[PDB]
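J.:
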Amino acid sequence: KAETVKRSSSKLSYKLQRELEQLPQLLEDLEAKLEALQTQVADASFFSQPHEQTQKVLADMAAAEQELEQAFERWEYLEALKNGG
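FYI, our numbering numbers position 31 of the sequence shown as 43, with every residue one higher than the one before it.
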């Protein structure tokens, strides 16, 4: 009892240090990833491939954008946390 962390050391942890420092690279990764996938799916010749090829790219495409935005608000969370914790 009363050994809690009352936001004494919570503004960042090392695990967030390496989280926040790699995450930007990951953002542009996933953005370029989405970019790279959306341009495949952009062409009508894309859906000329078998379902197992196309859905591979389609699913990976949708995963890229979702990963990106979620990682982005994770990033801004870590940024905000680093400023106020």
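Even for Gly, the Cβ is constructed at its ideal location relative to N, Cα and C.
(1) For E15, which of helix, strand or coil comes out of DSSP?
(2) Per DSSP, what kind of secondary structure is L93 in: helix, strand or coil?
(3) Quick check on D72: does DSSP put it in helix, strand or coil?
(4) Could you check how far apart the C-beta atoms of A83 and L38 are, in whole angstroms? I think they sit under 8 Å.
(5) Please specify which runs of the alpha helix (DSSP H), each continuous and at least 4 residues long, are wholly inside the region 32–79, giving them in chain order.
(6) Measure the Cβ-Cβ separation of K45 and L80 and say whether it is below 9 Å.
(7) Rounded to whole angstroms, what is the Cα-Cα separation between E31 and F58?
T.: For this structure:
(1) The DSSP-derived three-state label of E15 is coil.
(2) Looking at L93 - three-state DSSP - the assignment turns out to be helix.
(3) In the structure shown, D72 falls within a helical segment according to DSSP collapsed to helix, strand and coil.
(4) With a Cβ gap of about 6 Å, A83 and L38 count as contacting.
(5) Counting only runs of 4 or more, we get nothing.
(6) Yes; because the gap between Cβ atoms is below 9 Å, this pair is in contact.
(7) Taking C-alpha positions only, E31 is separated from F58 by approximately 35 Å.
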